[PDB]
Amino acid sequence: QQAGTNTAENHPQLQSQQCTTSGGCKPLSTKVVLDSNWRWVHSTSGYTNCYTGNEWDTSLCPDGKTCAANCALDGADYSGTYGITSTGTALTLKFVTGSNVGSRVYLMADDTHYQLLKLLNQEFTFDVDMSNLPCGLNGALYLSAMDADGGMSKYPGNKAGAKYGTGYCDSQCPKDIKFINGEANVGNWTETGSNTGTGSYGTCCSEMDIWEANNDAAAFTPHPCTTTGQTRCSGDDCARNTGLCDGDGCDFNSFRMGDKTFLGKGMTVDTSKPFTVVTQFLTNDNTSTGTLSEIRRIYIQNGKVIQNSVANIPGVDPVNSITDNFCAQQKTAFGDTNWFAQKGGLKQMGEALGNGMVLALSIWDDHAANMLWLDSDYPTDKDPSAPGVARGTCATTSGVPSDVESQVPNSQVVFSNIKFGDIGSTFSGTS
C-alpha cells in the first residue's frame, strides 16, 4: 500500500521504561500506531475509497499488485474516530466509537519503526484497569514477530510501513488482513461481517499473549510457529493448528486450572480495581542465549505481592508457571492435542523472543467464538463438568458481538506504566 497525505498521521505518545539491576529504570519516548486494517484506504490520486464497508473497488483493485499501487493508507483521528487516547503514560482504548468497533495499536520506537523487544532472560510489567471491561470483551497486550519496518524492506509494494501500522501477523494466520507482503489480499474476497472480510492469503508468525482478559477471566499464552518471522500462507499452511502455527497455544487461566476464587471482582486479584501484572521469561542458564524454560507471573495490588495461582486439576502437577511439562500435562487432562510441542514448544517460542518482537495493545469482541474460550464454558459441545471446559463464570449466551456492541458500547480498558528489563528490576519489595 502507498502512504496517503490527506490526513496527517500523529502518533500518540506512550512512554515506557527500560530497567536494569544496577541502573534502575530509565524512560523511553515511545509512541503508538493504529493497525493498517482500521484505516481509510483510498486512491493515491484523490479521495475515492479503495475499500468501503466489507468490499473492495473492483476498478481500482482488480488484483493485489494493482491495488497496492493504486491505493493508499491515510492518517487517523485517534480519539475521534477510534476512541484511542493517551495521557502520555496511560493508554485508554474504548470499545465502540460511532460505527467503529475496537482497535489495535503497536508500540513505536520512533515515527517509522516499531519498538523491537528482546525479552529472553528479561521481564515485562504493566498496569491494567478492567473495571469497565465486562464479559464478552478482551483487552489484550501481546507480542508478535513482525518486522520493525512493517515489511517495507522485504516488499516493494509496501511504501507505507510501520508509520501506518502495516505488517501484522499472528499465530492464527488470519486471512482478514487487507495488505500482506505489499499486496492487497483481494483474491476470492469473502464478506464475513458488515466491515470485514477475508482473502486468499493469511499472515502467520509466532505470538506471545502476555495478557488476554476481562473483569471475569484472564489468560496468558505462548503460540510458537515453525517459521521464522512474518510469512504469507495459502491453503493448508493457513489451517489452524495443523498448519505452520500453534493457534491454541499453551494457556494458563487460573479459573480453568482450578482456582475459581483467585481473579475476578472482589477476589485475590480484584478486577474491580487497577493492578500490576509482571511476566518473566526465564532461560535454562540465566543468559540471553539460553533456551526459554519457564514463564512466570506475579501480580501486585495495593502494594501486596501476589504469587500466581496453583494448578488444581487431577493429573496435572500443582505448579504456577508455564513450562513444557505443564503444557504436556494440561493438554492431557483437558483432552486437547499438544500442537504447542509439535511446533517446538518453549524452545521455539524463545527463538522468536530472541529475535525481537513487536508489542500490540487491543480491545476487541469475537465473532467466531464469542469470547467463550476466555470467560465461559468452551467448547460448547463438551460437558461443562469435564476438566478444562469451564473458563469463567460468564453465561454461554454472552459475547455475541451484536449484543455487546449495543449493550455495553462505552466499555474500555486502560493500560499503563509499561516497563521492561532485567529480571527482578521492574519492581521492588521491602519489609
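For every residue, the number given is its place in the sequence shown, counted from 1.
Greater mean Cα temperature factor according to the PDB record, 65-73 or 387-395:
It is 387-395.
Of 299-307 and 243-251, which one has the bigger average CA B-factor?
In the deposited entry, the stretch with the higher C-alpha B-factor mean is 243-251.
Could you tell me which one of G83, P174, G229, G182 shows the highest CA temperature factor in the PDB record?
Spelled out: the listed residue with the top C-alpha B-factor is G229.
For the C-alpha B-factor as written in the entry, point me to the maximum among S321, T221, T261, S144.
It is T261.
Ordered by C-alpha B-factor within the chain, which third holds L60? Give me lowest, middle or highest, please.
As the PDB entry reports it, the C-alpha B-factor of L60 lands in the highest third of its chain.
Chain thirds of CA B-factor: placement of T430
Answer is highest: the recorded C-alpha B-factor places it there.
In terms of the CA temperature factor given in the entry, to which third of its chain does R104 belong: lowest, middle or highest?
Tercile = lowest for this residue's CA B-factor.
Against its chain's modelled residues, does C25's Cα B factor rank lowest, middle or highest third?
CA B-factor rank for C25: highest third.
Please place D375 in the lowest, middle or highest third of its chain by C-alpha B factor as given in the entry.
It belongs to the middle third of the chain when residues are ordered by C-alpha B-factor.
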